[PDB]
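Residue numbers (PDB author numbering), protein chains in the order written: chain A, 427 to 633; chain A', 219 to 736; chain A'', 219 to 736. A prime marks a further copy of an entry chain. Note that CB positions come from ideal geometry on N, CA and C, so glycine has one too. One structure is given here, and the rest of the page talks about it.
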């Protein structure tokens with residue numbers, strides 16, 4: 427597991443020799459626009475320039491183990507992430523490797539983003555939570571985005587004197603040059619290998 | 219090899235040997251004693267609290283480190299120009315580092331009367347993180363590199379690092395590193411240090427701009443043998459549908475079939491230099507593009523390489539899509555536009571999409587007798603087979619290399635801030651003044667000593683790097699664009715010293731001047 | 219080899235070479251001038267009187283000494299863990315010691331204004347007690363060893379010793395040793411010292427816990443071919459005696475015949491951590507187990523290795539049957555329970571009797587028609603042929619070796635405080651600043667000079683030890699117990715530095731994690 431995260435790789439004692447836009451307004455009131463810049467320093471790590479960004483994503487629905495927190499409706503298939511192949515839909519499962527949940531919210535898990543084995547003697551259909559074992563893909567939260575979260579935000583317009591800046595949520599993000607990530611962990615009860623399909627192309631054919 | 223003998227000479231200059239350039243730089247440094255000889259735990263908590271996006275946990279150490287990960291640490295502006303105007307590419311190959319003429323001084327302060335003397339028997343410790351076992355701090359665009367001007371005497375930056383954090387707290391997997399738990403060379407004045415490093419294979423940085431764009435690669439005189447849907451209606455009125463096709467010809471290049479498409483994107487907000495055109499509100503962070511990692515948001519900066527703006531709209535720039543350096547003497551906070559220098563990523567508009575624009579449009583439904591065709595804007599587009607692109611340019615004041623994170627996967631690990639990515643980049647070089655205890659009590663005491671003779675060291679550093687050049691081989695008839703100085707008279711010389719003796723770099727300088735076909 | 223040349227480098231780290239581990243540590247020390255360059259007689263009399271049990275006679279010398287007889291002087295916590303979780307045993311083999319980068323400083327104090335300068339021509343004397351002719355002071359669990367954290371600068375402890383005493387007085391056989399009457403190496407800054415030592419054959423320390431107990435070694439499915447007396451009475455009433463025998467079977471394991479019995483014991487008083495359960499009286503010394511030597515009583519501490527308590531009663535501990543270290547920063551006197559760390563000798567309950575319990579019972583009479591059978595409790599039991607036992611565990615903060623007293627006889631000379639016993643352990647290393655006279659009178663005087671230039675020295679020490687490992691070879695199917703850090707978040711990292719720069723070892727760490735059959 428990584429002992430440091432992608433967004434925390436700098437020296438917490440020195441500033442960058444790079445600046446960032448810190449103010450677009452000089453204070454409330456009419457025509458108060460300006461452009462103020464500041465040095466990206468230890469005091470504001472979130473804004474620092476970085477060479478590498480987190481791996482790809484494909485947002486999964488978030489389900490809770492403490493049932494009363496889930497919506498009172500059937501969403502196992504309706505609210506599930508999926509892909510289509512020649513008119514047929516298949517559950518995106520387990521999909522891209524992503525962290526199972528944010529810090530501490532251990533009661534949460536992606537609808538079909540992790541592997542779940544059955545405990546000894548567990549039945550075949552409609553078995554309760556306590557009779558199954560859900561894997562926890564947490565150690566990779568240092569490089570891979572969280573499965574039940576958005577990858578981030580992007581601008582969606584041209585802010586101007588008349589229009590305000592707008593952002594939209596990135597629900598699924600394909601590979602971008604500069605991305606870095608970890609692959610799904612392997613388990614004692616898990617599979618070992620897989621046959622890479624014989625095709626013209628593929629990307630990082632790790633099962 | 220003693221007190222009265224120099225342990226090295228001043229080597230500073232470049233040699234152009236055809237397909238290779240050898241830069242050698244010497245600077246004289248100063249190293250204070252950091253942290254009172256202590257390793258200290260730090261967090262956004264010991265920093266005076268903060269927001270979650272800025273939370274962190276780590277340690278500050280009593281060590282300093284050498285950093286020369288910026289081009290102007292090796293290239294004089296004149297050399298950068300020679301490089302820029304005559305080669306299509308370049309890359310580092312070998313590196314040779316030296317530390318010499320060490321002088322450890324002892325400071326005495328009695329009744330405000332301060333005095334400095336040599337402490338001949340004192341040592342300085344040095345070691346290289348050859349196995350990358352310490353958190354790599356270089357390549358995060360940090361201050362504290364060798365100064366661009368040879369005459370400047372600089373202070374060595376203090377080393378510190380970060381591990382896993384949950385707010386201002388540590389987690390089970392958080393790592394603590396003690397640099398004393400590393401073998402290091404000890405040297406007294408009269409001793410010296412040195413080592414060599416081989417750059418692993420890295421592709422040449424493209425120091426050229428394309429002389430043609432991705433959408434304009436055909437023969438403007440011939441038609442394709444391919445057709446395209448040109449009419450779905452025979453004219454206004456009821457039930458006028460049809461299907462008419464036409465040959466993709468010179469008259470309609472936009473529609474022609476193509477083998478390669480523009481690189482990936484991640485839309486950035488567009489900001490104007492002429493302030494009155496911007497919205498009257500604070501959108502520096504709200505309207506900024508970002509990514510999330512375990513609940514924390516980080517500014518997508520500088521992000522994927524994209525053109526800074528459409529043709530002519532030079533007053534525009536991506537909110538955080540380009541690098542911005544400060545002009546000489548510029549302050550640290552809320553500095554005005556005129557006191558900063560914003561890089562212009564324009565030359566790559568021939569292959570990379572514009573940062574403040576959408577990648578394109580895609581259909582979002584099934585047009586039918588009842589429904590009209592609908593399209594949506596692609597605000598961010600990941601890699602697609604067939605994509606082609608250029609990487610961020612590199613600058614005289616910019617970074618040179620970066621350490622590619624050791625992970626299961628990555629894609630085109632070229633540092634987003636620009637430069638050469640490497641799994642094993644030049645190793646970190648750590649240095650520290652060995653602590654010298656003051657007089658201890660004459661009765662034993664188990665407590666660690668906390669009373670030290672105040673000291674600091676100084677000496678010279680030498681960095682020699684061998685660069686490989688990829689020379690131009692163009693058959694272009696007309697002259698090319700070249701980086702040049704201004705002919706017009708002026709008060710000071712560009713890239714020279716002040717009347718106060720202050721060296722200053724008037725503007726950023728990229729490498730994309732020469733051209734090449736696609 | 220002069221004033222401006224380092225006389226050694228910083229070596230600090232470990233190498234795991236399969237069946238061997240090589241630990242190397244470097245620390246930087248400080249040596250004051252002890253005792254005003256005088257040998258002084260000391261006793262409980264010059265100490266301000268005392269009780270007879272604390273009477274003593276000896277000498278304090280102007281010499282200091284090096285001590286690295288604690289595991290954390292060589293193993294980083296991470297290494298201790300690697301050792302602990304993967305080997306069934308280990309032991310030292312070779313040792314290499316070094317002293318270098320000596321700096322002798324002279325302190326001047328005129329009108330309170332203190333100033334420190336180098337005294338280049340001054341020397342420091344060093345020598346090893348290779349023939350064990352001096353009283354061995356190491357292995358008495360004394361403070362003053364190399365600090366566990368590499369960055370800590372430590373003060374060298376002062377050497378002193380004791381001989382025979384009769385109250386505060388000496389006896390004819392009392393010995394006086396002068397360390398100047400030993401050849402010693404003299405070194406000025408620029409000179410260094412070093413030596414090697416071979417550990418004599420010592421058994422591997424057992425870094426495993428047994429996966430079965432002495433009383434549970436049979437096959438739980440088969441009976442023995444041995445019988446036992448099961449009935450001496452045929453039922454209540456007059457003259458109902460008989461003799462009925464039964465086969466010792468699975469149903470009655472307590473009665474089965476066995477080939478080996480539990481180790482020796484010496485009952486300790488039982489103390490509880492939840493105070494309200496203890497008697498309301500002072501019994502720290504009164505109720506303590508002890509031994510007498512020539513009229514003087516000494517606390518039996520830590521005594522024979524015995525299990526700290528019965529199953530589950532974790533709140534209990536033997537009055538002085540286990541080692542207790544202080545937490546970081548804990549005071550010297552009457553410190554509360556929460557500021558100390560009490561070791562738990564539990565893993566050996568599979569073979570060693572419980573410290574706070576009786577060894578067992580024995581008959582004390584001849585039962586007959588008139589007298590009933592009687593038993594008595596065995597409070598202390600010496601060795602018996604057939605006994606089997608484990609020795610005290612060793613800890614990261616604990617001692618490593620001890621000198622086996624040179625005597626006609628001894629039994630299983632394994633140091634009771636834990637560790638490796640040796641007739642010829644690592645020799646004592648004595649160091650001292652050679653006295654430098656102040657200006658003497660210009661007229662001869664027979665009296666020994668008593669006016670000296672005040673001085674102190676400082677330098678580096680290196681200790682490299684080669685350890686032999688005995689790797690695990692278990693056929694156990696289920697996972698083992700392993701020493702691990704806590705997953706849960708927290709303010710500081712365990713075994714790391716503070717926000718004040720204070721290194722601290724949160725808890726004691728034994729070696730018995732892996733298991734092995736009996």
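- Closest by C-alpha distance to residue 541 of chain A'', out of A''/561, A''/439, A''/570, is A''/561.
- Residue 622 of chain A counts as exposed, since fewer than 16 other C-beta atoms from the protein chains shown sit within 10 angstroms of its C-beta.
- Against chain A, the CB of residue 509 of chain A' has a partner CB under 8 Å away; the residue lies at that interface.
- In this chain, the beta strand (DSSP E) harbouring residue 260 of chain A'' covers 258-261.
- Residue 619 of chain A'' counts as buried, since at least 16 other C-beta atoms from the protein chains shown sit within 10 angstroms of its C-beta.
- Sorting A'/315, A'/254, A'/259 by C-alpha distance to the C-alpha of residue 411 of chain A' places A'/315 at the top.
- The contact set of residue 251 of chain A'' on chain A', defined by CB atoms closer than 8 Å, consists of 660 in chain order.
- Looking at A'/219, A'/265, A'/552, the one whose alpha-carbon comes closest to that of residue 717 of chain A'' is A'/265.
- Using a CB distance cut-off of 8 Å, residue 374 of chain A' does not count as an interface residue toward chain A.
- Residue 567 of chain A' carries a helical assignment under DSSP once its states are collapsed to helix, strand and coil.
- Inclusion of residue 390 of chain A' and residue 706 of chain A'' in the CB contact set at 8 Å is warranted, their separation being smaller than that value.
- Distances from the CA of residue 695 of chain A'' to each of A''/429, A''/724, A''/473 were compared; the closest alpha carbon is that of A''/429.
- DSSP, read as helix, strand or coil, puts residue 582 of chain A' in coil.
- Going by C-alpha positions, residue 610 of chain A'' is about 12 Å away from residue 481 of chain A''.
- A direct Cα-to-Cα measurement between residue 568 of chain A and residue 492 of chain A gives close to 26 Å.
- The shortest C-alpha to C-alpha distance from residue 354 of chain A'' to any of A''/592, A''/591, A''/642 is the one to A''/642.
- If you check each beta-carbon in the stretch 524-547 of chain A against every beta-carbon of chain A', the ones closer than 8 Å belong to 525, 528, 529, 530.
- Contact of residue 671 of chain A' with chain A'' by beta-carbon distance below 7 Å involves 334.
- The stretch 564-582 of chain A' makes contact with the stretch 528-546 of chain A': 3 or more CB pairs, one atom from each, lie closer than 8 Å.
- Within the DSSP bridge table, the entry for residue 625 of chain A'' names no partner.
- Using a 10 angstroms sphere on the CB of residue 664 of chain A', the tally of other CB atoms stays under 16, which defines it as exposed.
- Uninterrupted beta strand (DSSP E) stretches at least 3 residues long and entirely within the stretch 437-478 of chain A' occur at 445-451, 459-465, given in chain order.
- For residue 716 of chain A'', the secondary structure class from DSSP, reduced to helix, strand or coil, is coil.
- In the DSSP assignment, residue 295 of chain A' falls within the alpha helix (DSSP H) that extends over 295-304.
- Near chain A, meaning a CB-to-CB distance below 8 Å, the residues of the stretch 561-583 of chain A' are 574.
- Residue-level contact check: residue 601 of chain A touches chain A', since one or more beta carbons of chain A' fall below 8 Å from its beta carbon.
- The criterion of a C-beta distance shorter than 8 Å is satisfied by residue 563 of chain A and residue 524 of chain A.
- Secondary structure at residue 527 of chain A': coil, using DSSP grouped into helix, strand and coil.
- Residues of the stretch 398-409 of chain A' that bring their beta carbon within less than 7 Å of a beta carbon in chain A'' comprise 398, 399, 400, 401, 402, 403, 404, 405, 406, 407, 408, 409, in sequence order.
- One finds 360, 361, 550 in chain A' with Cβ atoms closer than 8 Å to the Cβ of residue 441 of chain A, taken in chain order.
- Using a Cβ-Cβ cut-off of 8 Å, residue 705 of chain A'' counts as an interface residue toward chain A', since at least one Cβ of chain A' sits closer than that to its own.
- Taking 8 Å as the cut-off, the Cβ atoms of residue 305 of chain A'' and residue 687 of chain A'' count as close.
- In the structure shown, the three-state DSSP call for residue 355 of chain A' is coil.
- DSSP lists A/442 as the bridge partner or partners of residue 360 of chain A'.
- Residues of chain A' whose Cβ lies closer than 7 Å to the Cβ of residue 611 of chain A do not exist; the shortest such Cβ separation is about 10 Å.
- Using a Cβ distance threshold of 8 Å, residue 445 of chain A' and residue 465 of chain A' count as a contacting pair.
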